[PDB]
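Below: target-v3.txt (compact mmCIF, C-alpha atoms and all ligand atoms)
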# COMPACT_ATOMS: atom_id res chain seq x y z
CA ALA D 3 27.83 -11.67 -14.83
CA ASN D 4 29.52 -12.03 -11.47
CA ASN D 5 27.25 -9.86 -9.27
CA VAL D 6 26.15 -11.40 -5.99
CA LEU D 7 23.40 -9.67 -4.06
CA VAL D 8 24.24 -9.54 -0.37
CA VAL D 9 21.05 -8.57 1.38
CA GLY D 10 22.00 -7.38 4.85
CA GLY D 11 25.57 -6.93 3.55
CA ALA D 12 26.25 -3.83 5.67
CA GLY D 13 26.07 -5.82 8.90
CA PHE D 14 28.49 -8.02 10.83
CA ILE D 15 28.36 -11.31 8.94
CA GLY D 16 27.22 -9.76 5.65
CA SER D 17 30.14 -7.36 5.35
CA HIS D 18 32.65 -10.15 6.01
CA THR D 19 30.92 -12.18 3.31
CA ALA D 20 31.01 -9.27 0.86
CA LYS D 21 34.77 -8.96 1.50
CA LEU D 22 35.26 -12.67 0.87
CA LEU D 23 33.15 -12.62 -2.29
CA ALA D 24 35.28 -9.84 -3.73
CA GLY D 25 38.40 -11.82 -2.87
CA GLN D 26 37.05 -14.71 -4.89
CA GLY D 27 36.24 -12.69 -7.99
CA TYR D 28 32.56 -11.94 -7.40
CA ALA D 29 31.14 -8.42 -7.35
CA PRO D 30 29.15 -8.20 -4.12
CA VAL D 31 26.22 -5.81 -4.30
CA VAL D 32 24.94 -4.88 -0.87
CA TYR D 33 21.23 -4.17 -0.35
CA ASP D 34 20.70 -2.96 3.20
CA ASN D 35 18.47 -0.57 5.10
CA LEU D 36 21.22 0.37 7.61
CA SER D 37 18.84 -0.28 10.52
CA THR D 38 21.60 -2.13 12.41
CA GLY D 39 24.35 -2.24 9.75
CA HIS D 40 26.83 0.40 8.67
CA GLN D 41 27.37 2.16 5.35
CA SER D 42 31.11 2.33 6.14
CA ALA D 43 31.23 -1.48 6.01
CA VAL D 44 30.25 -1.51 2.33
CA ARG D 45 33.75 -1.33 0.87
CA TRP D 46 33.88 -4.02 -1.80
CA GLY D 47 31.25 -3.03 -4.36
CA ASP D 48 28.03 -1.10 -5.00
CA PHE D 49 25.65 -0.10 -2.22
CA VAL D 50 21.91 0.11 -2.58
CA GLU D 51 20.12 1.50 0.48
CA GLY D 52 16.75 -0.19 0.69
CA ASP D 53 14.39 -2.32 2.76
CA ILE D 54 13.62 -5.88 1.69
CA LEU D 55 9.96 -5.02 2.31
CA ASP D 56 10.28 -2.36 -0.44
CA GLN D 57 9.51 -4.99 -3.10
CA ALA D 58 9.62 -2.62 -6.09
CA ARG D 59 13.12 -1.39 -5.15
CA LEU D 60 14.30 -4.91 -4.48
CA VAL D 61 12.99 -6.11 -7.86
CA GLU D 62 14.49 -3.04 -9.55
CA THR D 63 17.83 -3.93 -7.97
CA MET D 64 17.73 -7.55 -9.10
CA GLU D 65 16.87 -6.44 -12.62
CA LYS D 66 19.76 -3.98 -12.73
CA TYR D 67 22.41 -6.28 -11.33
CA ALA D 68 21.15 -9.70 -12.55
CA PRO D 69 22.84 -11.39 -9.60
CA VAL D 70 23.94 -14.99 -9.99
CA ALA D 71 22.95 -15.60 -6.38
CA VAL D 72 21.36 -13.89 -3.38
CA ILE D 73 22.65 -14.22 0.17
CA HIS D 74 20.06 -13.29 2.79
CA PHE D 75 21.36 -11.85 6.10
CA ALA D 76 18.71 -9.14 6.44
CA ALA D 77 17.16 -9.92 9.76
CA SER D 78 18.34 -8.00 12.82
CA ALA D 79 18.05 -9.69 16.22
CA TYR D 80 18.81 -8.98 19.81
CA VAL D 81 19.21 -11.81 22.31
CA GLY D 82 15.99 -12.16 24.30
CA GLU D 83 13.99 -9.47 22.49
CA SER D 84 11.73 -11.70 20.36
CA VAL D 85 9.64 -12.91 23.32
CA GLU D 86 8.58 -9.35 24.20
CA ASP D 87 8.36 -8.00 20.62
CA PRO D 88 7.28 -10.90 18.39
CA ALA D 89 5.64 -8.45 15.94
CA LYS D 90 9.05 -7.20 14.80
CA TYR D 91 10.32 -10.72 14.17
CA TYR D 92 7.24 -11.97 12.27
CA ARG D 93 7.30 -8.78 10.18
CA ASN D 94 10.98 -8.83 9.28
CA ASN D 95 11.88 -12.50 9.29
CA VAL D 96 8.66 -13.77 7.71
CA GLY D 97 7.19 -10.79 5.87
CA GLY D 98 10.62 -9.54 4.77
CA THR D 99 11.82 -12.94 3.64
CA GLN D 100 8.63 -13.47 1.65
CA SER D 101 9.19 -10.14 -0.12
CA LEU D 102 12.77 -11.19 -0.94
CA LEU D 103 11.70 -14.59 -2.29
CA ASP D 104 8.93 -12.98 -4.35
CA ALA D 105 11.48 -10.54 -5.80
CA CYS D 106 13.64 -13.55 -6.69
CA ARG D 107 10.98 -15.63 -8.45
CA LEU D 108 9.56 -12.59 -10.26
CA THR D 109 13.00 -11.76 -11.68
CA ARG D 110 14.09 -15.37 -12.29
CA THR D 111 16.86 -14.67 -9.79
CA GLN D 112 17.50 -18.24 -8.87
CA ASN D 113 20.03 -19.11 -6.14
CA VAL D 114 19.25 -18.18 -2.51
CA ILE D 115 21.63 -18.69 0.40
CA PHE D 116 19.63 -18.20 3.60
CA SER D 117 21.38 -17.42 6.87
CA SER D 118 19.38 -19.38 9.41
CA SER D 119 20.02 -20.36 13.03
CA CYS D 120 20.37 -23.42 15.21
CA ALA D 121 17.74 -21.75 17.40
CA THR D 122 15.30 -23.50 15.06
CA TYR D 123 16.07 -26.75 16.91
CA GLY D 124 15.17 -25.55 20.39
CA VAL D 125 16.15 -28.05 23.07
CA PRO D 126 17.83 -31.11 21.49
CA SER D 127 17.54 -34.82 22.19
CA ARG D 128 21.15 -35.64 21.37
CA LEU D 129 24.47 -33.78 21.37
CA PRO D 130 25.83 -32.64 19.07
CA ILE D 131 22.77 -31.48 17.16
CA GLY D 132 22.33 -33.07 13.75
CA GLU D 133 20.09 -31.74 10.97
CA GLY D 134 17.66 -34.59 11.58
CA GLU D 135 16.88 -33.28 15.06
CA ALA D 136 13.30 -32.09 15.46
CA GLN D 137 12.87 -28.35 15.05
CA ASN D 138 10.87 -27.15 18.06
CA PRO D 139 11.99 -23.56 18.68
CA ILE D 140 11.22 -22.02 22.05
CA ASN D 141 10.91 -18.35 21.12
CA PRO D 142 9.60 -16.22 18.25
CA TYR D 143 13.11 -15.65 16.86
CA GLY D 144 13.65 -19.39 16.41
CA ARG D 145 10.07 -19.74 15.24
CA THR D 146 10.36 -17.16 12.49
CA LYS D 147 13.71 -18.54 11.24
CA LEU D 148 12.01 -21.92 10.98
CA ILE D 149 9.10 -20.37 9.09
CA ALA D 150 11.53 -18.89 6.58
CA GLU D 151 13.17 -22.32 6.11
CA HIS D 152 9.78 -23.87 5.34
CA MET D 153 8.86 -20.96 3.06
CA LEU D 154 12.05 -21.63 1.09
CA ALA D 155 10.98 -25.26 0.73
CA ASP D 156 7.49 -24.28 -0.49
CA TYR D 157 8.87 -21.73 -2.97
CA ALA D 158 11.25 -24.40 -4.26
CA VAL D 159 8.30 -26.70 -4.93
CA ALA D 160 6.17 -23.99 -6.54
CA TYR D 161 8.69 -21.82 -8.39
CA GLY D 162 11.86 -23.89 -8.79
CA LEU D 163 13.75 -21.73 -6.32
CA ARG D 164 17.12 -23.29 -5.43
CA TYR D 165 18.52 -22.72 -1.96
CA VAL D 166 20.89 -23.56 0.85
CA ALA D 167 19.86 -22.82 4.43
CA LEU D 168 22.85 -22.44 6.76
CA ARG D 169 22.32 -22.99 10.48
CA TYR D 170 24.71 -21.89 13.22
CA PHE D 171 24.66 -20.63 16.81
CA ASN D 172 27.00 -17.74 17.59
CA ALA D 173 28.94 -15.64 15.09
CA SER D 174 32.19 -14.49 16.68
CA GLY D 175 35.65 -13.03 16.08
CA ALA D 176 36.42 -10.55 13.31
CA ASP D 177 38.48 -10.32 10.09
CA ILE D 178 42.13 -11.34 10.73
CA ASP D 179 43.42 -8.00 9.41
CA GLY D 180 41.50 -5.98 11.99
CA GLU D 181 39.60 -3.45 9.84
CA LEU D 182 36.13 -5.03 9.98
CA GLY D 183 34.30 -5.84 13.20
CA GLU D 184 31.00 -6.45 14.99
CA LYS D 185 29.26 -3.10 15.61
CA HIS D 186 25.95 -3.63 17.39
CA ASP D 187 24.03 -1.24 19.62
CA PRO D 188 22.84 -2.65 21.87
CA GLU D 189 25.48 -5.34 21.78
CA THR D 190 23.80 -8.50 23.03
CA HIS D 191 26.25 -11.22 21.96
CA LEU D 192 28.25 -12.89 24.68
CA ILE D 193 31.86 -12.56 23.61
CA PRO D 194 31.51 -8.88 22.69
CA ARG D 195 29.77 -8.24 26.02
CA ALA D 196 32.49 -10.08 27.94
CA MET D 197 35.17 -8.07 26.12
CA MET D 198 33.35 -4.78 26.63
CA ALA D 199 33.19 -5.57 30.35
CA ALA D 200 36.92 -6.42 30.51
CA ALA D 201 37.62 -3.19 28.61
CA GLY D 202 35.51 -1.16 31.05
CA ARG D 203 32.89 -0.19 28.50
CA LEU D 204 30.42 -2.20 30.58
CA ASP D 205 30.52 -2.30 34.37
CA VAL D 206 29.64 -5.95 34.82
CA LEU D 207 29.15 -9.17 32.90
CA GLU D 208 26.22 -10.97 34.45
CA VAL D 209 26.66 -14.72 34.04
CA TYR D 210 23.61 -16.81 34.84
CA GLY D 211 24.81 -19.99 36.53
CA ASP D 212 27.98 -21.52 37.94
CA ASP D 213 25.77 -24.48 38.67
CA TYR D 214 25.40 -26.31 35.34
CA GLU D 215 25.91 -30.06 35.00
CA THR D 216 29.09 -29.53 32.97
CA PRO D 217 32.75 -29.12 33.72
CA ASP D 218 33.50 -25.43 34.60
CA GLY D 219 30.07 -25.34 36.17
CA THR D 220 29.16 -22.83 33.44
CA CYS D 221 27.05 -23.44 30.33
CA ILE D 222 28.59 -24.59 27.06
CA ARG D 223 27.59 -22.85 23.84
CA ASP D 224 28.68 -22.95 20.20
CA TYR D 225 30.90 -20.32 18.59
CA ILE D 226 31.98 -20.01 14.96
CA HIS D 227 34.37 -17.42 13.52
CA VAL D 228 32.66 -14.90 11.20
CA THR D 229 35.33 -15.44 8.50
CA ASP D 230 34.44 -19.14 8.57
CA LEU D 231 30.79 -18.14 8.16
CA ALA D 232 31.68 -16.04 5.11
CA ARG D 233 33.58 -18.99 3.64
CA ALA D 234 30.56 -21.30 4.04
CA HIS D 235 28.06 -18.86 2.50
CA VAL D 236 30.32 -18.52 -0.55
CA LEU D 237 30.78 -22.28 -0.80
CA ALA D 238 26.98 -22.49 -0.74
CA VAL D 239 26.93 -20.14 -3.73
CA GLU D 240 29.41 -22.37 -5.56
CA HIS D 241 27.31 -25.42 -4.69
CA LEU D 242 24.14 -24.04 -6.30
CA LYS D 243 26.22 -22.66 -9.15
CA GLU D 244 27.63 -26.10 -10.00
CA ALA D 245 24.04 -27.42 -10.07
CA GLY D 246 23.96 -28.75 -6.50
CA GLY D 247 20.66 -29.73 -4.86
CA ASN D 248 18.88 -27.84 -2.07
CA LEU D 249 20.57 -28.11 1.32
CA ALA D 250 20.06 -27.32 4.98
CA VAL D 251 23.27 -27.81 6.97
CA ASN D 252 24.80 -26.90 10.35
CA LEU D 253 27.93 -24.76 10.58
CA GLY D 254 30.39 -25.05 13.43
CA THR D 255 33.44 -26.78 14.93
CA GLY D 256 31.48 -29.62 16.50
CA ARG D 257 32.91 -28.62 19.88
CA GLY D 258 31.33 -26.33 22.48
CA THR D 259 32.92 -23.64 24.62
CA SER D 260 32.00 -22.73 28.20
CA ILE D 261 31.64 -19.19 29.55
CA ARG D 262 34.53 -19.77 31.96
CA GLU D 263 36.76 -20.74 29.01
CA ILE D 264 35.88 -17.50 27.23
CA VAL D 265 36.49 -15.26 30.24
CA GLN D 266 39.75 -17.12 30.95
CA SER D 267 40.97 -16.60 27.37
CA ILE D 268 40.11 -12.90 27.31
CA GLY D 269 42.06 -12.35 30.52
CA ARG D 270 44.97 -14.45 29.33
CA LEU D 271 45.18 -12.97 25.82
CA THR D 272 44.44 -9.33 26.72
CA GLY D 273 45.65 -9.01 30.32
CA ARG D 274 42.30 -7.51 31.26
CA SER D 275 39.99 -9.56 33.46
CA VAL D 276 36.23 -9.78 32.86
CA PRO D 277 34.27 -8.48 35.89
CA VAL D 278 31.89 -11.44 36.17
CA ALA D 279 28.86 -11.39 38.45
CA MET D 280 27.56 -14.91 39.03
CA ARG D 281 23.80 -15.02 39.35
CA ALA D 282 21.35 -17.88 39.83
CA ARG D 283 21.04 -20.36 36.97
CA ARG D 284 17.74 -20.31 35.04
CA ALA D 285 15.50 -23.34 35.66
CA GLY D 286 14.97 -24.72 32.16
CA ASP D 287 18.34 -23.73 30.75
CA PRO D 288 20.38 -26.26 28.72
CA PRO D 289 23.95 -26.89 29.95
CA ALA D 290 25.41 -27.47 26.49
CA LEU D 291 24.44 -26.54 22.94
CA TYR D 292 26.52 -27.19 19.85
CA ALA D 293 25.88 -28.45 16.35
CA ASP D 294 27.16 -31.49 14.43
CA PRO D 295 29.20 -30.13 11.47
CA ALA D 296 29.52 -33.36 9.48
CA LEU D 297 26.83 -32.82 6.83
CA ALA D 298 28.41 -29.52 5.81
CA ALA D 299 31.75 -31.35 5.49
CA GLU D 300 30.19 -34.00 3.25
CA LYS D 301 27.96 -31.78 1.12
CA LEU D 302 29.91 -28.52 0.93
CA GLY D 303 33.46 -29.63 1.70
CA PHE D 304 33.38 -27.15 4.58
CA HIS D 305 35.51 -27.23 7.74
CA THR D 306 36.17 -24.33 10.09
CA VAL D 307 39.66 -22.89 9.78
CA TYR D 308 39.49 -19.85 12.05
CA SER D 309 37.16 -21.02 14.82
CA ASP D 310 39.64 -21.98 17.52
CA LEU D 311 38.94 -19.93 20.66
CA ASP D 312 42.36 -18.25 20.48
CA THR D 313 41.73 -16.91 16.98
CA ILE D 314 38.17 -15.85 17.84
CA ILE D 315 39.36 -13.94 20.90
CA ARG D 316 42.46 -12.50 19.26
CA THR D 317 40.66 -11.11 16.21
CA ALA D 318 37.68 -9.74 18.15
CA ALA D 319 39.60 -8.16 21.06
CA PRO D 320 40.90 -5.04 19.23
CA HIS D 321 37.37 -4.00 18.23
CA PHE D 322 36.25 -3.75 21.85
CA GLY D 323 39.10 -1.74 23.32
CA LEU D 324 41.35 -4.64 24.23
CA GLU D 325 44.96 -5.37 23.31
CA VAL D 326 46.40 -8.78 22.46
CA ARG D 327 49.76 -9.68 24.01
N1 LIG J 1 25.23 -12.93 14.75
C1 LIG J 1 24.91 -14.23 15.11
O1 LIG J 1 25.40 -14.76 16.12
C2 LIG J 1 23.96 -15.01 14.27
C3 LIG J 1 23.53 -16.28 14.67
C4 LIG J 1 22.64 -17.02 13.91
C5 LIG J 1 22.18 -16.47 12.70
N2 LIG J 1 22.62 -15.23 12.30
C6 LIG J 1 22.08 -14.67 10.97
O2 LIG J 1 22.90 -13.65 10.51
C7 LIG J 1 22.05 -12.58 10.06
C8 LIG J 1 22.35 -11.44 10.98
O3 LIG J 1 23.57 -11.05 10.62
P1 LIG J 1 24.34 -10.21 11.90
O4 LIG J 1 24.42 -11.34 12.90
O5 LIG J 1 25.38 -9.61 11.03
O6 LIG J 1 23.33 -9.02 12.28
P2 LIG J 1 23.67 -7.53 11.85
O7 LIG J 1 22.44 -6.85 12.41
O8 LIG J 1 25.07 -7.00 11.95
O9 LIG J 1 23.40 -7.49 10.13
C9 LIG J 1 22.03 -7.44 9.80
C10 LIG J 1 21.92 -6.55 8.54
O10 LIG J 1 20.60 -6.64 7.94
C11 LIG J 1 20.16 -5.30 7.68
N3 LIG J 1 18.67 -5.39 7.70
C12 LIG J 1 17.81 -5.77 8.76
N4 LIG J 1 16.52 -5.74 8.41
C13 LIG J 1 16.53 -5.33 7.06
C14 LIG J 1 15.48 -5.11 6.11
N5 LIG J 1 14.16 -5.28 6.47
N6 LIG J 1 15.78 -4.71 4.88
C15 LIG J 1 17.09 -4.54 4.56
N7 LIG J 1 18.20 -4.70 5.33
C16 LIG J 1 17.87 -5.11 6.61
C17 LIG J 1 20.73 -4.49 8.91
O11 LIG J 1 20.82 -3.13 8.60
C18 LIG J 1 22.14 -5.12 9.04
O12 LIG J 1 23.07 -4.54 8.16
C19 LIG J 1 20.57 -13.01 10.26
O13 LIG J 1 20.18 -13.57 9.05
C20 LIG J 1 20.67 -14.09 11.30
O14 LIG J 1 19.81 -15.17 11.07
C21 LIG J 1 23.50 -14.45 13.05
ZN ZN J 2 26.60 -8.50 18.40
Could you write out this structure as structure tokens?
Amino acid sequence: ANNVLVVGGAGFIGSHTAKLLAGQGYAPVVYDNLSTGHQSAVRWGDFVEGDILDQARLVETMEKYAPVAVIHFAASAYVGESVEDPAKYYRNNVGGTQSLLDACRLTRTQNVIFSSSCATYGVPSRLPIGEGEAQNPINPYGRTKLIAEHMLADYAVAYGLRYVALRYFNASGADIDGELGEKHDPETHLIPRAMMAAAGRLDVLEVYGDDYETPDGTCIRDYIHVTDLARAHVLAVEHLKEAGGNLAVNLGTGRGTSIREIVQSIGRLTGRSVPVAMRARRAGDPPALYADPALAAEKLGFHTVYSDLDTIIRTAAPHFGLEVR
């Protein structure tokens, strides 16, 4: 009994996690509807094509595989889209998660690792952001992630569900061995966009603000290597497996990275410059956002190992038509 159900396991972070699980002796079973993920990324165990809203098929799957844990990545998201199409996010992130959690309790499938987001915090009072920070999200994406977190808490109370919610800002980089990458269309994440622009796959990288109250002048955000993310989700499995209590922790390096730093590194490491177009800063935009990683260190024994900028850039670059030298 070493099956682990990786819901959303055909996508960016899910496929890396499936690879890691297999490396640690688990048998990842991917359940994915391929809406944004890729069947070719399911290389480390069985594949079940299915939607998490297809509750009968999800229950059927849990009964067949009797997974010792469920890792939930199955929520697609484009940067900025939730404000214009909140219906999609309430349906998938709230409706879909409820269907998953119902499938779990109805099959006595017990351990749920939920991939959440630091977007749940919204604009913070203190940097870095600690788990105690109020969660006042500013868009439906953040809102629906927060709803899922609370749903987990209510299902724990009612049904004895055990869980770990993992919060982080920006998944980045790719597997060190170069055969598994981030394949999104449209690609809305910053480092892929910057690399695509340097590679000539995009014409321009529009950067909104050289004006921020930071060094650089450009905004600071929080980037974690996807392999580090995989590591944490598996540690979370081990935590619940060794009878750990329910957790909600931040994942990251504890240090932010500016846009200038990223563009600089890409140019330096690849020899291709990023064609930046500086546009006016947005009025209510935060200058710096990054999470405090200490609770995850204490509770999970987790530290990032691959989330230096150099490793993030180096591993991602080949997947976007760039060459590292
Ligand atoms: N990429 C990031 O920067 C980032 C940041 C914060 C949180 N996350 C979390 O990571 C997960 C997204 O992973 P990604 O970043 O790899 O996106 P991704 O789109 O590559 O992977 C998402 C996977 O979920 C599958 N999926 C979507 N809706 C589904 C449904 N209803 N039923 C079944 N399968 C479904 C998609 O086909 C895809 O394979 C989400 O849970 C999100 O909260 C990602
Ligand atoms: Zn992306």
Counting only C-alpha atoms and all ligand atoms, which protein, DNA or RNA residues come within 12 Å of ligand ZN 2 (chain J), given as a VMD selection string? chain D and resid 13 to 15 38 to 39 78 to 81 172 to 176 183 to 198 228 318 321 to 322
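One distance worth recording is that between atom CA of residue 255 of chain D and atom CA of residue 235 of chain D, which is 15.7 Å.
Within 8 Å of residue 144 of chain D, once only C-alpha atoms are used and residues closer than 4 positions along the same chain are dropped, the contacting residues are residues 119, 120, 121, 122, 123, 124, 139, 140 and 148 of chain D.
Distance check against ligand LIG 1 (chain J) using only C-alpha atoms and all ligand atoms: of D:86, D:181, D:224, D:240, the minimum falls on D:224.
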Ligand LIG 1 (chain J): which residues are within 6 Å, counting all atoms listed in the file, as JSON, numbers by chain? {"D": [10, 11, 12, 13, 14, 15, 16, 34, 35, 36, 37, 38, 39, 52, 53, 54, 55, 75, 76, 77, 78, 94, 98, 117, 118, 119, 170, 171, 172, 173]}
Shell of 7 Å around segment 206-218 of chain D, all atoms listed in the file, local chain residues under 6 positions omitted, as a short mmCIF file (atom, residue, chain, number, x, y, z; two decimals) with C-alpha atoms, in the coordinates of the input:
data_model
loop_
_atom_site.label_atom_id
_atom_site.label_comp_id
_atom_site.auth_asym_id
_atom_site.auth_seq_id
_atom_site.Cartn_x
_atom_site.Cartn_y
_atom_site.Cartn_z
CA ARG D 195 29.77 -8.24 26.02
CA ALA D 196 32.49 -10.08 27.94
CA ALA D 199 33.19 -5.57 30.35
CA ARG D 262 34.53 -19.77 31.96
CA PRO D 277 34.27 -8.48 35.89
CA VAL D 278 31.89 -11.44 36.17
CA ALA D 279 28.86 -11.39 38.45
CA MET D 280 27.56 -14.91 39.03
CA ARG D 281 23.80 -15.02 39.35
CA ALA D 282 21.35 -17.88 39.83
CA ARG D 283 21.04 -20.36 36.97
CA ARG D 284 17.74 -20.31 35.04
CA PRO D 289 23.95 -26.89 29.95
#
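Picture a line from atom CA of residue 46 of chain D to atom CA of residue 4 of chain D; it runs 13.3 Å.
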